[PDB]
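Asker: Just one file: coords.cif, with mmCIF, C-alpha atoms.
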```
data_model
#
loop_
_atom_site.group_PDB
_atom_site.id
_atom_site.type_symbol
_atom_site.label_atom_id
_atom_site.label_comp_id
_atom_site.auth_asym_id
_atom_site.auth_seq_id
_atom_site.Cartn_x
_atom_site.Cartn_y
_atom_site.Cartn_z
ATOM 1 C CA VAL L 1 11.930 21.998 38.610
ATOM 2 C CA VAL L 2 15.162 22.308 36.616
ATOM 3 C CA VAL L 3 15.338 20.809 33.122
ATOM 4 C CA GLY L 4 18.229 21.281 30.713
ATOM 5 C CA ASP L 5 19.667 24.587 31.889
ATOM 6 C CA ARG L 6 16.342 26.336 32.569
ATOM 7 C CA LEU L 7 14.322 26.660 35.801
ATOM 8 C CA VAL L 8 10.640 26.207 35.016
ATOM 9 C CA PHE L 9 7.359 25.798 36.882
ATOM 10 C CA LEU L 10 5.409 22.526 36.993
ATOM 11 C CA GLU L 11 1.644 22.588 37.549
ATOM 12 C CA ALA L 12 -1.390 20.316 37.510
ATOM 13 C CA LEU L 13 -4.726 22.155 37.389
ATOM 14 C CA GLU L 14 -7.232 19.333 37.901
ATOM 15 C CA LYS L 15 -7.618 19.655 41.692
ATOM 16 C CA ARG L 16 -7.175 23.365 42.436
ATOM 17 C CA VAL L 17 -9.342 24.239 39.423
ATOM 18 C CA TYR L 18 -11.711 22.216 37.193
ATOM 19 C CA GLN L 19 -12.483 19.921 40.135
ATOM 20 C CA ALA L 20 -16.167 19.095 40.662
ATOM 21 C CA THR L 21 -17.465 21.108 37.717
ATOM 22 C CA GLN L 22 -19.107 19.986 34.492
ATOM 23 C CA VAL L 23 -16.471 21.620 32.236
ATOM 24 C CA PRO L 24 -13.883 19.243 30.718
ATOM 25 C CA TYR L 25 -10.141 19.640 31.076
ATOM 26 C CA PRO L 26 -8.621 21.309 27.979
ATOM 27 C CA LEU L 27 -5.278 19.462 27.789
ATOM 28 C CA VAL L 28 -6.901 16.107 26.934
ATOM 29 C CA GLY L 29 -6.395 16.540 23.212
ATOM 30 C CA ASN L 30 -7.935 14.651 20.291
ATOM 31 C CA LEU L 31 -5.472 13.204 17.793
ATOM 32 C CA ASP L 32 -6.762 12.487 14.296
ATOM 33 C CA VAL L 33 -5.617 9.824 11.842
ATOM 34 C CA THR L 34 -7.153 8.362 8.693
ATOM 35 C CA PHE L 35 -6.838 4.683 7.808
ATOM 36 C CA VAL L 36 -6.946 3.161 4.327
ATOM 37 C CA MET L 37 -6.965 -0.452 3.193
ATOM 38 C CA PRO L 38 -7.277 -2.080 -0.240
ATOM 39 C CA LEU L 39 -10.300 -4.341 -0.595
ATOM 40 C CA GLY L 40 -9.949 -6.754 -3.503
ATOM 41 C CA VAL L 41 -6.741 -6.085 -5.440
ATOM 42 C CA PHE L 42 -5.233 -9.006 -7.363
ATOM 43 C CA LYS L 43 -1.470 -9.412 -7.586
ATOM 44 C CA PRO L 44 0.207 -10.377 -10.888
ATOM 45 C CA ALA L 45 1.373 -13.891 -11.758
ATOM 46 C CA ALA L 46 4.990 -13.370 -10.677
ATOM 47 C CA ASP L 47 4.534 -12.582 -6.962
ATOM 48 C CA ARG L 48 2.017 -15.332 -6.113
ATOM 49 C CA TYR L 49 4.187 -17.762 -4.168
ATOM 50 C CA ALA L 50 4.291 -19.845 -1.000
ATOM 51 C CA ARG L 51 6.912 -18.705 1.511
ATOM 52 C CA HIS L 52 7.351 -22.332 2.599
ATOM 53 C CA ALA L 53 6.776 -25.742 1.038
ATOM 54 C CA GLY L 54 4.425 -26.728 3.838
ATOM 55 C CA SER L 55 1.687 -24.254 3.061
ATOM 56 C CA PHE L 56 -1.708 -23.618 4.664
ATOM 57 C CA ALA L 57 -2.642 -27.048 3.408
ATOM 58 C CA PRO L 58 -6.384 -27.555 2.834
ATOM 59 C CA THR L 59 -8.239 -30.786 3.515
ATOM 60 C CA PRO L 60 -6.862 -33.638 1.352
ATOM 61 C CA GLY L 61 -9.399 -34.204 -1.400
ATOM 62 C CA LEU L 62 -10.527 -30.628 -1.981
ATOM 63 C CA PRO L 63 -9.371 -27.764 -4.204
ATOM 64 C CA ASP L 64 -7.389 -25.165 -2.314
ATOM 65 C CA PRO L 65 -9.447 -22.034 -1.504
ATOM 66 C CA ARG L 66 -6.326 -19.841 -1.416
ATOM 67 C CA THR L 67 -5.256 -19.159 -5.021
ATOM 68 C CA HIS L 68 -8.757 -17.820 -5.691
ATOM 69 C CA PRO L 69 -8.937 -14.019 -5.994
ATOM 70 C CA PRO L 70 -9.855 -12.602 -2.582
ATOM 71 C CA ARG L 71 -12.960 -10.486 -2.107
ATOM 72 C CA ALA L 72 -12.808 -9.430 1.562
ATOM 73 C CA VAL L 73 -10.506 -8.017 4.236
ATOM 74 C CA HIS L 74 -9.982 -8.399 7.971
ATOM 75 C CA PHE L 75 -8.709 -6.144 10.745
ATOM 76 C CA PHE L 76 -9.068 -5.486 14.472
ATOM 77 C CA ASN L 77 -11.558 -3.419 16.451
ATOM 78 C CA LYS L 78 -10.748 -0.993 19.282
ATOM 79 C CA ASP L 79 -11.023 -3.636 22.008
ATOM 80 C CA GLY L 80 -9.444 -6.174 19.646
ATOM 81 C CA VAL L 81 -12.388 -8.271 18.411
ATOM 82 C CA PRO L 82 -11.983 -9.244 14.737
ATOM 83 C CA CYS L 83 -14.351 -7.535 12.319
ATOM 84 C CA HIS L 84 -14.364 -8.023 8.557
ATOM 85 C CA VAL L 85 -15.452 -6.005 5.521
ATOM 86 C CA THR L 86 -16.802 -7.518 2.303
ATOM 87 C CA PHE L 87 -18.159 -6.330 -1.064
ATOM 88 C CA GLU L 88 -21.667 -6.656 0.415
ATOM 89 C CA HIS L 89 -21.202 -3.461 2.439
ATOM 90 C CA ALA L 90 -20.224 -1.510 -0.701
ATOM 91 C CA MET L 91 -23.845 -1.891 -1.878
ATOM 92 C CA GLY L 92 -24.529 1.540 -0.386
ATOM 93 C CA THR L 93 -22.206 3.121 -2.955
ATOM 94 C CA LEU L 94 -22.298 1.168 -6.234
ATOM 95 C CA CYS L 95 -26.108 0.754 -6.114
ATOM 96 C CA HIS L 96 -27.359 4.332 -6.509
ATOM 97 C CA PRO L 97 -28.367 6.694 -9.356
ATOM 98 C CA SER L 98 -25.097 8.615 -8.820
ATOM 99 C CA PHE L 99 -23.246 5.744 -10.523
ATOM 100 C CA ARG R 1 18.896 -23.487 -0.322
ATOM 101 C CA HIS R 2 15.972 -25.794 0.514
ATOM 102 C CA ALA R 3 13.645 -28.105 -1.394
ATOM 103 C CA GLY R 4 10.465 -26.033 -1.380
ATOM 104 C CA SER R 5 11.799 -22.669 -0.211
ATOM 105 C CA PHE R 6 9.447 -21.014 -2.689
ATOM 106 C CA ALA R 7 6.641 -22.566 -4.679
ATOM 107 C CA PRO R 8 4.565 -21.236 -7.584
ATOM 108 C CA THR R 9 0.800 -21.435 -7.716
ATOM 109 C CA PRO R 10 0.425 -25.192 -8.308
ATOM 110 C CA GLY R 11 -0.605 -25.900 -11.880
ATOM 111 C CA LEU R 12 1.669 -23.186 -13.314
ATOM 112 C CA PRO R 13 5.342 -23.001 -14.347
ATOM 113 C CA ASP R 14 7.415 -21.090 -11.826
ATOM 114 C CA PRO R 15 8.830 -17.838 -13.244
ATOM 115 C CA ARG R 16 11.780 -18.182 -10.871
ATOM 116 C CA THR R 17 14.003 -20.246 -13.178
ATOM 117 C CA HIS R 18 13.753 -17.750 -16.034
ATOM 118 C CA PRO R 19 16.623 -15.315 -16.637
ATOM 119 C CA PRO R 20 15.902 -12.080 -14.766
ATOM 120 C CA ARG R 21 15.259 -8.839 -16.631
ATOM 121 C CA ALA R 22 14.741 -6.356 -13.777
ATOM 122 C CA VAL R 23 16.253 -5.369 -10.437
ATOM 123 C CA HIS R 24 14.508 -4.143 -7.291
ATOM 124 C CA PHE R 25 15.966 -1.902 -4.591
ATOM 125 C CA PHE R 26 14.903 0.466 -1.818
ATOM 126 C CA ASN R 27 14.416 4.226 -2.049
ATOM 127 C CA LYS R 28 15.480 7.039 0.294
ATOM 128 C CA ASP R 29 12.593 6.291 2.684
ATOM 129 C CA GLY R 30 12.433 2.546 2.087
ATOM 130 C CA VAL R 31 9.627 2.548 -0.490
ATOM 131 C CA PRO R 32 10.346 -0.109 -3.153
ATOM 132 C CA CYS R 33 11.317 1.263 -6.557
ATOM 133 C CA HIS R 34 12.436 -0.952 -9.435
ATOM 134 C CA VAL R 35 14.304 -0.347 -12.694
ATOM 135 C CA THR R 36 14.337 -2.586 -15.769
ATOM 136 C CA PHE R 37 15.168 -2.750 -19.477
ATOM 137 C CA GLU R 38 12.265 -0.492 -20.506
ATOM 138 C CA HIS R 39 14.083 2.540 -19.082
ATOM 139 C CA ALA R 40 17.270 1.824 -21.061
ATOM 140 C CA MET R 41 15.500 2.787 -24.308
ATOM 141 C CA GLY R 42 16.890 6.324 -24.046
ATOM 142 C CA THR R 43 20.382 4.804 -24.209
ATOM 143 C CA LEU R 44 20.025 1.783 -26.515
ATOM 144 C CA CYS R 45 17.677 3.508 -29.015
ATOM 145 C CA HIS R 46 19.773 6.331 -30.478
ATOM 146 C CA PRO R 47 21.974 6.949 -33.555
ATOM 147 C CA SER R 48 25.014 6.933 -31.245
ATOM 148 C CA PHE R 49 24.542 3.148 -31.109
ATOM 149 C CA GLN X 1 -38.221 14.596 7.186
ATOM 150 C CA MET X 2 -35.055 12.459 6.771
ATOM 151 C CA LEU X 3 -33.168 11.375 9.884
ATOM 152 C CA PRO X 4 -31.097 8.241 10.549
ATOM 153 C CA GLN X 5 -32.822 6.224 13.271
ATOM 154 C CA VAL X 6 -31.197 6.782 16.660
ATOM 155 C CA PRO X 7 -29.735 3.440 17.802
ATOM 156 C CA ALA X 8 -30.621 1.639 21.002
ATOM 157 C CA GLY X 9 -27.479 1.423 23.099
ATOM 158 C CA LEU X 10 -23.825 1.776 22.125
ATOM 159 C CA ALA X 11 -21.287 -0.952 22.861
ATOM 160 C CA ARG X 12 -18.106 1.085 22.332
ATOM 161 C CA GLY X 13 -16.951 4.547 21.261
ATOM 162 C CA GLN X 14 -18.882 6.458 18.631
ATOM 163 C CA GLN X 15 -19.138 4.630 15.329
ATOM 164 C CA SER X 16 -16.908 5.647 12.428
ATOM 165 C CA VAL X 17 -17.917 5.935 8.757
ATOM 166 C CA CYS X 18 -16.329 4.045 5.868
ATOM 167 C CA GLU X 19 -16.345 5.003 2.189
ATOM 168 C CA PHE X 20 -15.572 3.187 -1.060
ATOM 169 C CA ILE X 21 -13.520 4.252 -4.087
ATOM 170 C CA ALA X 22 -13.374 2.382 -7.383
ATOM 171 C CA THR X 23 -9.835 1.462 -8.433
ATOM 172 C CA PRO X 24 -8.550 -0.909 -11.141
ATOM 173 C CA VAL X 25 -7.777 -4.419 -9.927
ATOM 174 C CA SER X 26 -4.216 -4.315 -11.294
ATOM 175 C CA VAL X 27 -2.913 -1.449 -9.140
ATOM 176 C CA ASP X 28 0.380 -2.172 -7.411
ATOM 177 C CA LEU X 29 -0.239 -3.551 -3.922
ATOM 178 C CA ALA X 30 2.900 -2.004 -2.379
ATOM 179 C CA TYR X 31 1.342 1.413 -3.074
ATOM 180 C CA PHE X 32 -0.752 0.686 0.045
ATOM 181 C CA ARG X 33 1.861 -0.894 2.344
ATOM 182 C CA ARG X 34 3.512 2.459 3.090
ATOM 183 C CA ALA X 35 1.785 5.794 3.694
ATOM 184 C CA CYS X 36 -0.249 6.613 0.592
ATOM 185 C CA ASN X 37 -2.967 8.880 -0.751
ATOM 186 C CA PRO X 38 -6.397 7.399 -1.584
ATOM 187 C CA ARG X 39 -6.562 9.649 -4.656
ATOM 188 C CA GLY X 40 -3.578 8.085 -6.423
ATOM 189 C CA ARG X 41 -1.998 11.402 -7.246
ATOM 190 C CA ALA X 42 -0.349 12.372 -3.957
ATOM 191 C CA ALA X 43 -0.556 16.103 -4.773
ATOM 192 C CA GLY X 44 -1.860 17.719 -1.637
ATOM 193 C CA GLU X 45 -0.417 21.188 -1.409
ATOM 194 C CA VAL X 46 2.681 21.165 0.801
ATOM 195 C CA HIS X 47 4.917 19.632 -1.901
ATOM 196 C CA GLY X 48 3.937 21.393 -5.111
ATOM 197 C CA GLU X 49 2.302 24.577 -6.349
ATOM 198 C CA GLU X 50 -0.975 25.240 -8.139
ATOM 199 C CA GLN V 1 19.213 24.859 -25.169
ATOM 200 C CA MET V 2 17.502 21.691 -23.895
ATOM 201 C CA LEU V 3 15.919 21.858 -20.455
ATOM 202 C CA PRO V 4 13.256 19.220 -19.686
ATOM 203 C CA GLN V 5 10.923 21.649 -17.877
ATOM 204 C CA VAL V 6 10.290 23.102 -14.421
ATOM 205 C CA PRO V 7 8.248 20.395 -12.639
ATOM 206 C CA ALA V 8 5.843 21.034 -9.790
ATOM 207 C CA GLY V 9 6.816 17.786 -8.066
ATOM 208 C CA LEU V 10 9.873 18.124 -5.815
ATOM 209 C CA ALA V 11 9.098 14.639 -4.501
ATOM 210 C CA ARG V 12 11.962 13.763 -2.137
ATOM 211 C CA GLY V 13 15.065 15.916 -2.424
ATOM 212 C CA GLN V 14 16.488 16.313 -5.909
ATOM 213 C CA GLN V 15 16.325 13.247 -8.128
ATOM 214 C CA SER V 16 19.528 11.603 -9.319
ATOM 215 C CA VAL V 17 20.178 10.086 -12.760
ATOM 216 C CA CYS V 18 20.945 6.470 -13.654
ATOM 217 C CA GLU V 19 23.204 5.467 -16.539
ATOM 218 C CA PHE V 20 23.532 2.287 -18.608
ATOM 219 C CA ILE V 21 26.640 0.402 -19.753
ATOM 220 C CA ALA V 22 26.689 -2.675 -21.960
ATOM 221 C CA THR V 23 28.228 -5.842 -20.530
ATOM 222 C CA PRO V 24 28.464 -9.504 -21.589
ATOM 223 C CA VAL V 25 25.769 -11.537 -19.847
ATOM 224 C CA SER V 26 28.322 -14.193 -18.849
ATOM 225 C CA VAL V 27 30.135 -11.677 -16.615
ATOM 226 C CA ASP V 28 31.087 -13.232 -13.286
ATOM 227 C CA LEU V 29 28.315 -12.145 -10.924
ATOM 228 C CA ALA V 30 30.792 -12.329 -8.028
ATOM 229 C CA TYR V 31 32.585 -9.268 -9.445
ATOM 230 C CA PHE V 32 29.738 -7.000 -8.277
ATOM 231 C CA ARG V 33 29.211 -8.446 -4.785
ATOM 232 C CA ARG V 34 32.165 -6.638 -3.232
ATOM 233 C CA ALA V 35 33.559 -3.226 -4.093
ATOM 234 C CA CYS V 36 34.519 -2.929 -7.752
ATOM 235 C CA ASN V 37 34.768 -0.592 -10.744
ATOM 236 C CA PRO V 38 32.166 -0.492 -13.547
ATOM 237 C CA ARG V 39 34.853 -0.208 -16.235
ATOM 238 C CA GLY V 40 36.202 -3.636 -15.276
ATOM 239 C CA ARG V 41 39.807 -2.482 -14.952
ATOM 240 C CA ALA V 42 40.556 -0.650 -11.697
ATOM 241 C CA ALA V 43 43.113 1.695 -13.277
ATOM 242 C CA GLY V 44 43.587 5.357 -12.418
ATOM 243 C CA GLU V 45 45.281 5.326 -9.024
ATOM 244 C CA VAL V 46 48.936 5.081 -7.960
ATOM 245 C CA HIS V 47 48.227 1.428 -8.774
ATOM 246 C CA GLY V 48 50.118 1.709 -12.064
ATOM 247 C CA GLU V 49 51.938 4.716 -13.478
ATOM 248 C CA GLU V 50 53.085 3.855 -17.037
ATOM 249 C CA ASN P 1 -11.900 -25.757 -20.368
ATOM 250 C CA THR P 2 -11.452 -22.972 -17.798
ATOM 251 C CA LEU P 3 -11.213 -20.268 -20.470
ATOM 252 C CA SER P 4 -14.852 -21.071 -21.259
ATOM 253 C CA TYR P 5 -15.951 -20.237 -17.715
ATOM 254 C CA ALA P 6 -13.730 -17.140 -17.736
ATOM 255 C CA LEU P 7 -15.286 -15.839 -20.957
ATOM 256 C CA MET P 8 -18.787 -16.609 -19.671
ATOM 257 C CA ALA P 9 -18.271 -14.992 -16.258
ATOM 258 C CA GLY P 10 -17.056 -11.950 -18.163
ATOM 259 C CA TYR P 11 -20.616 -11.414 -19.418
ATOM 260 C CA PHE P 12 -22.434 -9.965 -16.401
ATOM 261 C CA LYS P 13 -23.985 -6.519 -16.666
ATOM 262 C CA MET P 14 -22.754 -3.420 -14.828
ATOM 263 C CA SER P 15 -25.670 -1.481 -13.341
ATOM 264 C CA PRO P 16 -27.045 -1.073 -9.794
ATOM 265 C CA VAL P 17 -29.675 -3.733 -10.550
ATOM 266 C CA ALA P 18 -26.935 -6.148 -11.636
ATOM 267 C CA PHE P 19 -24.603 -5.283 -8.754
ATOM 268 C CA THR P 20 -27.609 -6.000 -6.512
ATOM 269 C CA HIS P 21 -27.379 -9.725 -7.234
ATOM 270 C CA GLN P 22 -23.645 -9.861 -8.023
ATOM 271 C CA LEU P 23 -22.158 -8.404 -4.834
ATOM 272 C CA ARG P 24 -24.558 -10.346 -2.624
ATOM 273 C CA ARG P 25 -24.198 -13.747 -4.345
ATOM 274 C CA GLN P 26 -20.431 -14.004 -3.651
ATOM 275 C CA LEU P 27 -18.993 -13.070 -7.043
ATOM 276 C CA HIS P 28 -16.003 -10.828 -7.739
ATOM 277 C CA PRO P 29 -16.533 -8.083 -10.343
ATOM 278 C CA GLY P 30 -13.551 -6.434 -12.010
ATOM 279 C CA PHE P 31 -13.055 -3.731 -9.383
ATOM 280 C CA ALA P 32 -10.741 -3.082 -6.457
ATOM 281 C CA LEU P 33 -12.058 -0.828 -3.714
ATOM 282 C CA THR P 34 -10.131 1.310 -1.211
ATOM 283 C CA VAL P 35 -11.787 1.582 2.197
ATOM 284 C CA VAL P 36 -11.179 4.890 3.971
ATOM 285 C CA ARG P 37 -12.213 5.931 7.479
ATOM 286 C CA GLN P 38 -11.309 8.510 10.111
ATOM 287 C CA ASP P 39 -10.700 8.027 13.836
ATOM 288 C CA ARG P 40 -9.997 10.226 16.860
ATOM 289 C CA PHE P 41 -7.770 9.568 19.883
ATOM 290 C CA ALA P 42 -7.815 11.264 23.287
ATOM 291 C CA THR P 43 -4.284 12.191 24.342
ATOM 292 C CA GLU P 44 -2.462 13.815 27.272
ATOM 293 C CA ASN P 45 -0.505 16.904 26.282
ATOM 294 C CA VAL P 46 2.317 18.808 27.977
ATOM 295 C CA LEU P 47 2.178 22.530 27.219
ATOM 296 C CA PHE P 48 5.053 24.941 27.754
ATOM 297 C CA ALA P 49 5.132 28.741 27.841
#
```
Would you put the structure from the file into structure tokens?

Answerer:
Amino acid sequence: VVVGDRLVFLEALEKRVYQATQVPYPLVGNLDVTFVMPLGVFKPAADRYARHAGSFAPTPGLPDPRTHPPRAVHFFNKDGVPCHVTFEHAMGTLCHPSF
Amino acid sequence: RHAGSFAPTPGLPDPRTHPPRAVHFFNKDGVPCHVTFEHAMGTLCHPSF
Amino acid sequence: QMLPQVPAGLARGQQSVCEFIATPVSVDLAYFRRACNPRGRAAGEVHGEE
Amino acid sequence: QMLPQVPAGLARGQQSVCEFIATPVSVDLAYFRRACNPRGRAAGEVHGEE
Amino acid sequence: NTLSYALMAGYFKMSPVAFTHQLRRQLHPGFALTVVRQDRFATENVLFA
């Protein structure tokens, strides 16, 4: 196959070799990333604002549960199912003689 | 531009009407980076004033 | 002596491990919106000497 | 002489320097929206010779 | 009125035995944690020589 101005081979080695043997193929790499997320930070008084007048209105006759300082997070799993993280799980760190 | 475009935390005065004392802008790679009066000390606090 | 119980059945890929780092509540949120360092000082090595 | 020091940072390219000029607060904000001159008077060019 | 509750809530101990009840009983101590975690992704490379 010709690419650019060069004339290079093009091979797949899954059928001629590696086929029907218990050794994995060595081009299936393994990328690595590291995620971080803040848990319970609290923003100052200036940047606490509704983007619209019609907010996430709570039930009429109750105090809004939104302005309260948050204590949990939310994200997505591999498949996509929601899965949350709360201070409760941090018990394995802040409850130990190491503290 | 609109009635309730923004809204403070209800039960608190909005800090939006106050005269501003800082400016925000973007950096070389888009990370926010502000500058305000506090930096201008090296210019407004000197005998050359 | 000492061995985490082997689970019965896995639903998805191998399970990750999460840690926890104390940090003052008043840290600037935007420090986390872009790529950041969990330390707080972004030293590393590539940009900066000993 | 007066050098600050040799930092270990080198964050993102060399870092510029910002200045500060006094100005009456009642200055027309519209003067900064388009291109302008910080001195207020656009002199210097073949605009005016005398 | 609310300053009273603020001052009172700012009177809980800080020790694993106190965190034991605090964290579990839905109260927010004066921290802010940073969750970290590492993942791995199988990819399809294209090597040249």

Asker: Show me, as a count of residues only, the residues of chain R whose atoms get within 12 Å of chain X, using all atoms listed in the file for the distance check.

Answerer: 6

Asker: Expanded to explicit residues, what is the PyMOL selection byres ((chain L) within 7 of (chain X)) for this file, as a ChimeraX atom specification?

Answerer: /L:41-43,90,93

Asker: Do you know which residues the PyMOL selection byres ((chain V) within 10 of (chain X)) returns on this file, as an NGL selection string?

Answerer: :V and (7-12)

Asker: Quick one: distance from atom CA of residue 56 of chain L to atom CA of residue 4 of chain R in Å, one decimal?

Answerer: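 Interatomic distance here is 13.8 Å.
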
Asker: List, as a list in words, every residue that the PyMOL selection byres ((chain P) within 6 of (chain L)) selects in the file provided.

Answerer: residues 16, 23, 24, 32, 33, 34, 35, 36, 37, 38, 39, 40, 41, 42, 43, 44 and 45 of chain P

Asker: Write out, as a compact mmCIF listing (two decimals), keeping the file's coordinate frame, the residues just selected, with C-alpha atoms.

Answerer:
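Contents of part_26.txt, as written:
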```txt
# COMPACT_ATOMS: atom_id res chain seq x y z
CA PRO P 16 -27.04 -1.07 -9.79
CA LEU P 23 -22.16 -8.40 -4.83
CA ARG P 24 -24.56 -10.35 -2.62
CA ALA P 32 -10.74 -3.08 -6.46
CA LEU P 33 -12.06 -0.83 -3.71
CA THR P 34 -10.13 1.31 -1.21
CA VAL P 35 -11.79 1.58 2.20
CA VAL P 36 -11.18 4.89 3.97
CA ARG P 37 -12.21 5.93 7.48
CA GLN P 38 -11.31 8.51 10.11
CA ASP P 39 -10.70 8.03 13.84
CA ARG P 40 -10.00 10.23 16.86
CA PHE P 41 -7.77 9.57 19.88
CA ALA P 42 -7.82 11.26 23.29
CA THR P 43 -4.28 12.19 24.34
CA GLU P 44 -2.46 13.82 27.27
CA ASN P 45 -0.50 16.90 26.28
```

Asker: What is the distance between atom CA of residue 1 of chain R and atom CA of residue 51 of chain L, in Å to one decimal?

Answerer: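 It comes out at 13.0 Å.
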
Asker: Hey, can you check how far atom CA of residue 14 of chain P sits from atom CA of residue 30 of chain P?

Answerer: 10.1 Å

Asker: With 9 Å as the cut-off and only C-alpha atoms counted, what is the closest atom pair between each nearby residue of chain L and chain R? Distances in Å to one decimal, ordered by chain and number, as JSON lines.

Answerer:
```
{"residue": "L:45", "atom": "CA", "partner": "R:15", "partner_atom": "CA", "distance": 8.6}
{"residue": "L:46", "atom": "CA", "partner": "R:15", "partner_atom": "CA", "distance": 6.4}
{"residue": "L:47", "atom": "CA", "partner": "R:8", "partner_atom": "CA", "distance": 8.7}
{"residue": "L:48", "atom": "CA", "partner": "R:9", "partner_atom": "CA", "distance": 6.4}
{"residue": "L:49", "atom": "CA", "partner": "R:8", "partner_atom": "CA", "distance": 4.9}
{"residue": "L:50", "atom": "CA", "partner": "R:7", "partner_atom": "CA", "distance": 5.1}
{"residue": "L:51", "atom": "CA", "partner": "R:6", "partner_atom": "CA", "distance": 5.4}
{"residue": "L:52", "atom": "CA", "partner": "R:5", "partner_atom": "CA", "distance": 5.3}
{"residue": "L:53", "atom": "CA", "partner": "R:4", "partner_atom": "CA", "distance": 4.4}
{"residue": "L:54", "atom": "CA", "partner": "R:4", "partner_atom": "CA", "distance": 8.0}
{"residue": "L:67", "atom": "CA", "partner": "R:9", "partner_atom": "CA", "distance": 7.0}
```

Asker: Nearest residue to chain X out of P:22, P:8, P:2, P:28, using only C-alpha atoms?

Answerer: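 Closest residue, counting only C-alpha atoms: P:28.
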